[PDB]
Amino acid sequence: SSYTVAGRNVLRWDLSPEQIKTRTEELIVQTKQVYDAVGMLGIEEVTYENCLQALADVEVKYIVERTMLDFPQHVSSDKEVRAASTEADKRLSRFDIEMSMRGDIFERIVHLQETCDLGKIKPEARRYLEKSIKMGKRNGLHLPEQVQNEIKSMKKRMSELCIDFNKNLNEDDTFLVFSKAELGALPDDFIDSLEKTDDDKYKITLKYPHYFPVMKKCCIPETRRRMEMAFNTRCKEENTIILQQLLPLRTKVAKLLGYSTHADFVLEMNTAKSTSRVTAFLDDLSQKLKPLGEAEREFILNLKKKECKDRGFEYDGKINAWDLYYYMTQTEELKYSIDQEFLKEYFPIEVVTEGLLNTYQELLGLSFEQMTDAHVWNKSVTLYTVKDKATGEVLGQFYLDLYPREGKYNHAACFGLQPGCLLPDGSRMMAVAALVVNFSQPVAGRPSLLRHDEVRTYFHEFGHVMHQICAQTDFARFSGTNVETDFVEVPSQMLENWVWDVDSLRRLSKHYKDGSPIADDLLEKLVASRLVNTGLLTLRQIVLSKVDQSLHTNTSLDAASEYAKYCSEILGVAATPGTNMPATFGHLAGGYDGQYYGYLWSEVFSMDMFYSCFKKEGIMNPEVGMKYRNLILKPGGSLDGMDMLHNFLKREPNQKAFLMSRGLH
């Protein structure tokens, strides 16, 4: 039932390595049985029911069963489970390529769209047909046989290269050893949490909860330098080899399909449409940010020169890679009176979660309830049920996986586990999502205390979760967050705006010790500090966007050299010689290839919606909130991103709000 929850979450998280392998073979056999049956149909015998409906039914059945197999590699604490899950992902990704390139299927869906009366089927079904045919041409199914075979074998090679690229980074266990003196300025609650060695030193890993505090707060330059070198040389050997194969393969496939570059090939499926639009966007934004970057670099150099003189260090007259975050942190403290280590005392994780849940309850008309004795993949994971406040309809469930551990995905991500689409029997499947982050653990007898940047990350990822939960479509391939890549960051970045509002922040904060609120003056300073370091922080994202475009545009380019080029020309902070940042650039292998610009691209849309609608009429207005759910989240991928933006804004978007929020124009 749409108003119940029992039995609607069919996910199991107690699979052994052997069961993962057995289930993978069973899923492939049963799924191939459906594609074979459709392929055996006479071309003049195909109908909506025996062809379109049959393929739609197997897509939802397959994607849900696939989740139980390919998700544990990201979260399971058992390394053998993670390894079996990775092997299942490799095998199922090759199987996905085989089925996607069946000419008999492509021939029959093409014949269905040409013969059936499109006017008498739902618009999302017409979208299913045209997108399916478009995907077929993007797989070369309209091309001769031997070029299809060449594309297939290359796509199979690329799927394993991408999986290995991220597997290497996920299982890396690099660590460094530092003495207490070498960890100067770092607080005791951080130091007293590290493992000690036989020489009374401390082991520090390259995980974010270790790397970031060292780079932001450690006053020993050599300590920051050794960490930056290790962080930007993770998997240097093996992942450079992967890039040296993956990037030419992407180019050669795009050429066979008729595109000049891989960047052109992927841009066609995004709202930006073309690479020349991306270049003009990044290049014009870079020029507007140039004066801010110069002023910020000047101030940082003055900070470093004074500290070197005070601490008696050598001064090299430049901003090294291992200096940037450290002096950006000082800029925040000095110019805006923001001490992140003091401010986190007001963000205990339970208060932040409570206020985050209450924000969506009041704004989007939803109800949240934590499930007790939930079936989860790790003891620290919690499960929540989402209902529509007015009707009681059970929209979905989401898991919260908030703390780091061995073998867990290091970054911050949202995972779609069940699509909120229609089932073969006509009923609606309950959507399921998982929020996976690595927040500071409880230490020193205190609850987990989140820095404001961790609260913003929490809100960012929860925006993805609610997009997955609120989206309801007929077909699984349009469900949840299956929108354009340069559009999927709109709901995530939209929610971040609620951590930069005074009244909202007052509701999210409560001192862990005496329950007192953040002082009014400090709240005003926190909100006004939103643009601190924005020049170099944004220019760094432009560097990443430019490197991503270039590595998928020019063919015979050294990725490390191309990164170093844009670091000097755009950011003004040289890349450390000997490092290879692109070899750690997981986005290049995680579906963001040629599309990393999408973060900045999405921010223009989210800022326009927040300023023009929410801020103009109250950012807690439930009427504007419900309009946002129905027009932006609920359609999922069943509508074009620009169409949903136009429905919400009632006009075309522009950069006025985006530029105004950056202190530009």
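We number the residues from 1 along the sequence you see. So that the term is clear: the rigid core is the largest set of C-alpha atoms that superpose within 1.5 Å between two forms.
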Between 113-121 and 538-546, larger RMS Cα displacement in 4 other deposited structures of this protein after core fit | 113-121
Averaging only over Cα atoms, indicate whether 199-207 or 518-526 has the higher B-factor in the PDB entry.
-> 199-207
Once average C-alpha B-factors are taken from the entry for 619-627 and 43-51, the winner is 43-51
Highest-ranked of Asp96, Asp486, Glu345, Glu107 once sorted by CA temperature factor in the record | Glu107
Taking the Cα B-factors listed in the entry, which of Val443, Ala88, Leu324, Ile469 comes out highest?
-> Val443
Can you work out whether the C-alpha temperature factor of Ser380 puts it in the lowest, middle or highest third of the chain?
-> highest
Should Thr24 be placed in the lowest, middle or highest third of its chain by the C-alpha B factor in the entry?
-> lowest
Chain-relative C-alpha B factor for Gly103 (record values, thirds): the middle
B-factor third for the C-alpha atom of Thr261 within its chain | middle
So where's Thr174 on the chain's Cα temperature factor ranking, which third?
-> highest
